[PDB]
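**Q** Provided herewith is a single structure, encoded as structure tokens, for subsequent inquiry.
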Amino acid sequence: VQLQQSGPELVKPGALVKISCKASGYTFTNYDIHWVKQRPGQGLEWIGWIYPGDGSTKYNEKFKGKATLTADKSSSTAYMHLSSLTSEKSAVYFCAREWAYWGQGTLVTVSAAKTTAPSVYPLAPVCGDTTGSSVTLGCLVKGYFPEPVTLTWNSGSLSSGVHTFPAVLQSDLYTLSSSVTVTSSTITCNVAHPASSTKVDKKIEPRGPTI
Amino acid sequence: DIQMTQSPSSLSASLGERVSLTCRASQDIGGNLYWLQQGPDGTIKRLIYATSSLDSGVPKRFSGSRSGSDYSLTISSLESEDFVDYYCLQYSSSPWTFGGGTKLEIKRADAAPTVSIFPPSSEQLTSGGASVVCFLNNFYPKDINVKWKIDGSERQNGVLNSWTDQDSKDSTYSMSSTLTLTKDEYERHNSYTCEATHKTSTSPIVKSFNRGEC
Amino acid sequence: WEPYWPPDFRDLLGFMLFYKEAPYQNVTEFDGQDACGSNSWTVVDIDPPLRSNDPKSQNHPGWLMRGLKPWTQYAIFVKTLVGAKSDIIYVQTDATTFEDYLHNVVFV
Amino acid sequence: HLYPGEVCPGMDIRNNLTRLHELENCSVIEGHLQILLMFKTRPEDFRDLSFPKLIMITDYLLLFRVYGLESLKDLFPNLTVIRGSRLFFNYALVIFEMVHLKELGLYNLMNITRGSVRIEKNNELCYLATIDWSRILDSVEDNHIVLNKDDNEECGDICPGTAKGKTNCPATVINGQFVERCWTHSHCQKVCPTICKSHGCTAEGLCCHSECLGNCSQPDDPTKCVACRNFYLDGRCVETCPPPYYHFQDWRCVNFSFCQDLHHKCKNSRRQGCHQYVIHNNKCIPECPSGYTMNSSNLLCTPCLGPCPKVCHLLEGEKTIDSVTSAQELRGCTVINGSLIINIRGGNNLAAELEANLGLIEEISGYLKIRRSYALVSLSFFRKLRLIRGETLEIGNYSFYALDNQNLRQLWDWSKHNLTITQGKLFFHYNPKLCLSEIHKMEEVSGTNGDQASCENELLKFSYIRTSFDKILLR
Amino acid sequence: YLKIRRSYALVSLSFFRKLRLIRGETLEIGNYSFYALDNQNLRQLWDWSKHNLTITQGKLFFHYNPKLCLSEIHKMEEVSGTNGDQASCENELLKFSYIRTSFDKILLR
Amino acid sequence: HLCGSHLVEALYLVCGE
Amino acid sequence: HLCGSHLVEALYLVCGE
Amino acid sequence: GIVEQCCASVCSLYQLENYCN
Amino acid sequence: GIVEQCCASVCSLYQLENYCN
Ligand SMILES: *[C@@H]1O[C@H](CO[C@@H]2O[C@@H](C)[C@@H](O)[C@@H](O)[C@@H]2O)[C@@H](O)[C@H](O)[C@H]1NC(C)=O
């Protein structure tokens, strides 16, 4: 049994988006498809259901005008359209066959951005003072759309001591950052942006003298 | 609407420990409760139906029980894969409602954050922007607070924060705080401060630099 | 509802779902002798499910009750053909949204 | 004078603000208040609009789609109690689709005595998280407060104003968090010490009297209550109504004469516009409870001698009986409010069937008309009919009308039956088997006829009689 | 096909007085043209001394017919081309040792 | 076709009181 | 509302075959 | 009812008018 | 019938669609 959902779904505000849920491994027509919304860092809200047999639905009052539920019995695929999207930010939507089996989730992101290659920045000094007892370097990659980027330190090796923080959207573009901690007697940051066929590799050297 | 109150919202435990999470129903729901498990990849799976019935394939270390209006999920002996999120759901009445969730986290020794502040790179300044980055790394527990100060004045505008999920290796947490300014604004000031307040110390860990020479 | 499996899980054949319009509490199986003819219970014969292997075989037998009055409490319970019976659950069909009681009141 | 102004009836205000001024002198609304569907109103229409006299609503308050209204703080500044004697779908307070409402601002609302709160789909509505409803309703479990501005991350609810955050509004706990309680930026929520219970307290924290509800002007004085916990009489809150007063609408004491005025003869309007008030167990109530009937000269409910009389009010004041089935619709009736038309042409065992269904009728307030009832030989099936009032009459001022009844030989047996006809005339035409003597007897008793009948006349006498155990021979 | 299922009230199928052919052009899943399941009082199919029934195609299914002897089922197989477990099927013979007539009475032993 | 909140709106289009 | 010849027209608005 | 006339149903643009208060 | 569904009646803009050949 598989509920196989759609998305990434990037949409402009004031638009409508239709997310699918193709069912397999059981008789579509015999069960209900329930849809649930998850606003990241938070809980699950029940949106409503559909009975594919009849096309009968019931919604949560909260979601009544927002969500519209639809099934295509010819393809055994269920849909959910969201309407007049505005500052919803992002949310992950799930369909489930009467709760025992759920689909994998579909992320809907509302943004006014265009596809943008990032600016990669090396982060090394403290300025003035060059004290030891581990040194932490960093890579700042900013103003990109859409997600994701691949940040790697020393082309793969140097997996220990790195933390890549999850991206934050600010003004319709994203920023991400990574730290790498190494011994004082001891580097490049490699960034890739599939959404623009882009590679920008910064050798994070220090601000100072004739090196 | 029946309100399902889930407690605790978070729990630290170690491998092989027995733990219980509870959902209290605001109205009688009889035996109509599900326990759901959500993986870090987002995948939701049902573990218990009808309060106490285990779904096929679910390890026998999982059990559900009821006492009064308290519905409990118990993991008799924790495994590393169990340190995820759990949600109860009532299907007794027309608006189906969910508990607020419980994050199960691995228990560790307390650790102070390793704090590092970074002036904007001269390469960014060339572009017309100035970001000041502060890392607060490998601390435990997960609760932490950061404060920015420019020439001794608290700065809240243009600050963005991000937190990693619990580390797979050492079970600590990390945060990054980014103060973004224009090059012109950054060059109007001298001292830049990052302040980390954490359980491990009465006093904040203070990191600063002065916009001098490099 | 739960699938039923006897000791030798082999040849599972039948479920039986009972439902009647009920007020509160006072409902029993052996009620007003169903005997032969005029009945006190609305009954459904539910065909045994198809297992579909050993890992995830809970293709939970169910039933769609239609022809029910709205805003009506139903005494309901299932039985396995002559093992296990479910308990009597009361289920109340949906009624009007508050919003929709308002409308019909507020507009002639 | 705890409610100095008028007691007004329930109101339903729609479309325009014009009729709203009918509330201008009310201290108490004895009924509900609905304000709805005002699409053309704007803030300016509400800037100079206030009903400070309103202290209490006995039923419920409902506000739906009232445009331009941003707060209720000026409209109902002193509304203290909503009793919830009657509710709107279990709710005593309903705020729904109030596009423009920014706050409730009902800063004097202390108690909702019965029912719940429904505040839904108010897109600008804030100052909800700041209200502690557990101080106002015994159970908040059935409250439904959703889909308001408050649900999102846009309410900047601010209570502090005078000094800001230094000794201002009282603070109470939600689960674990203390929250300062207020209705608006300028009005705190009143909170009394626990010893005061629901009685209220003065600004200094001194308990109102135990007969008070919500608030008072002075402590421990039942003549200084803003509203009453039990009943109201002559500017005083009382536990029960003293003699010679009656309990009315579960909140005030009224005299016999008041109850009598309500009762009297709301001429027509039986269907929602009359009731006819009665006295029972020191209460003035809409109707007698089950097992009781109303002793007429003193409005007093008395227990029924056997089964209670049954008044049947006819649709449009009339009913045509043309079958056993239609007659059955009147089974059990002892009083007909309206007029009957009998049109029975055929059937079987009619005298018994008609007597079973119509034999208990003692009174008809209008007229009785028998027309084209070919099947009837007698009207005796109306076994208990003793009065026809003639309050309504057939055109030509007739209270009893018999036309074209081809087999009618008897009205009632005038040796046994008494029938009184208060008003109206008699009409008899085309009753060929009905002797004029029967009609003339009816005129006496009550205060083309017989042309096909010879009416008794001569006497045959038996010249011989012989009995056998099984036979009788006569001559 | 012909399917008899949960027909608690039936003791016989003889009410199908003239039924002589079941073609089995359509069959119940499992290729059955005659299927009898969970008939708690069924003691007779047809009287096989008088009735002829032909079943062109398909198989027979008999389960949970507690009062129906396997001999009746086996007779049906012959004629046509959890069963009886609650029945003892004829077995022994009782003989009348005495018979006495009266115009209004009969005495037997 | 006609429903929910829209009924109120639909009626006002028509009413115009 | 919908009728006569208009039904044919109404349906074509919808059909668009 | 109006709910039953136009929601759990479809009501004619005139049926809709009629009782406009 | 379609006559009975939309003429001696009122039919939903979707009821109308459905059987468009
Ligand atoms: C407020 O009172 C004004 C004066 O008239 C009074 O009200 C009418 C209705 C009668 O009760 C009469 O005996 C009173 O003298 C009115 O101009 C105004 O309409 C009144 N408003 C209300 C609440 O009726």
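Swiss-Prot numbering applies to chain D: residues 28-474, 488-515, in that order.
Determined via X-ray crystallography, 4.4 Å.
In case you wondered, yes, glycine gets a Cβ from its N, Cα and C as well.
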**Q** In Swiss-Prot, D:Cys234 is disulphide-linked to which residue out of D:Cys219, D:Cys223, D:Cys252?
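**A** Here Swiss-Prot pairs D:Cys234 in a disulfide with D:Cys223.
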**Q** I want to verify the bond table. Which candidate from D:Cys196, D:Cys219, D:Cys228 sits on the other end of the disulfide that Swiss-Prot records for D:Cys215?
**A** D:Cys196
**Q** According to Swiss-Prot, the disulfide involving D:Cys264 connects it to which residue among D:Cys255, D:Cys280?
**A** D:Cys255
**Q** D:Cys153 pairs with which of D:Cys182, D:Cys186 in a disulfide, per Swiss-Prot?
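**A** Answer per the record: D:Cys182.
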**Q** Quick one, of the disulfide-bonded residues D:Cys268, D:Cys311, which Cβ has the fewest other Cβ within 10 Å?
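**A** Candidates: the disulfide-bonded residues D:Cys268, D:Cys311. Fewest Cβ atoms within 10 Å: D:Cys268.
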**Q** Counting across all protein chains present, how many other Cβ atoms fall within 10 Å of the Cβ of D:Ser400 (phosphoserine)?
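**A** Taking all protein chains shown, D:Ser400 (phosphoserine) has 24 Cβ neighbours within 10 Å.
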**Q** Just counting, how many other CB atoms are there within 10 A of the CB of D:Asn52 (N-linked glycosylation site)?
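**A** Summing over all protein chains shown, D:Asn52 (N-linked glycosylation site) has 14 other Cβ atoms within 10 Å.
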**Q** Look at each of the disulfide-bonded residues, D:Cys53, D:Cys219, D:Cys235, D:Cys239, D:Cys339, and point out the one with the fewest other Cβ atoms around it within 10 Å.
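**A** Counting other Cβ atoms within 10 Å of each of the disulfide-bonded residues D:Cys53, D:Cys219, D:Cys235, D:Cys239, D:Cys339 gives the minimum at D:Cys339.
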**Q** So which of the recorded positions D:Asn43, D:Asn52, D:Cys215, D:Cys239, D:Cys252, D:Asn445 sit close to ligand 1, that is, with a CB under 6 Å from an atom of it?
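**A** Near ligand 1, sequence order: D:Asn52.
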**Q** In whole Å, note down how far the CA of D:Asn242 (N-linked glycosylation site) lies from the CA of D:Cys228 (disulfide bond).
**A** 6
**Q** Using other CB atoms within 10 angstroms as the count, which residue among the glycosylation sites D:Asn364, D:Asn424 scores least?
**A** D:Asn424
**Q** Would you pick out, from the disulfide-bonded residues D:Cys252, D:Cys286, the residue whose Cβ has the largest number of other Cβ atoms within 10 Å?
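**A** Counting every other Cβ within 10 Å of each candidate, the maximum falls on D:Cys252.
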**Q** I'd like the Cβ neighbour count for D:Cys215 (disulfide bond), meaning other Cβ atoms within 10 Å of its Cβ, all protein chains included.
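**A** Around the Cβ of D:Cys215 (disulfide bond), 18 other Cβ atoms lie within 10 Å.
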**Q** Can you check what DSSP calls D:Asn445 (N-linked glycosylation site), collapsed to helix, strand or coil?
**A** coil
**Q** Of all the glycosylation sites given, D:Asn242, D:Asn282, which has the fewest Cβ neighbours within 10 Å once its own Cβ is left out?
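**A** Checked D:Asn242, D:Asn282; of these glycosylation sites, fewest Cβ neighbours within 10 Å: D:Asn282.
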**Q** Using a Cβ cut-off of under 8 Å to chain F, which of the recorded positions D:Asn52, D:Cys53, D:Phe66, D:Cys219, D:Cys252 qualify?
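**A** Correct list, in sequence order: D:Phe66.
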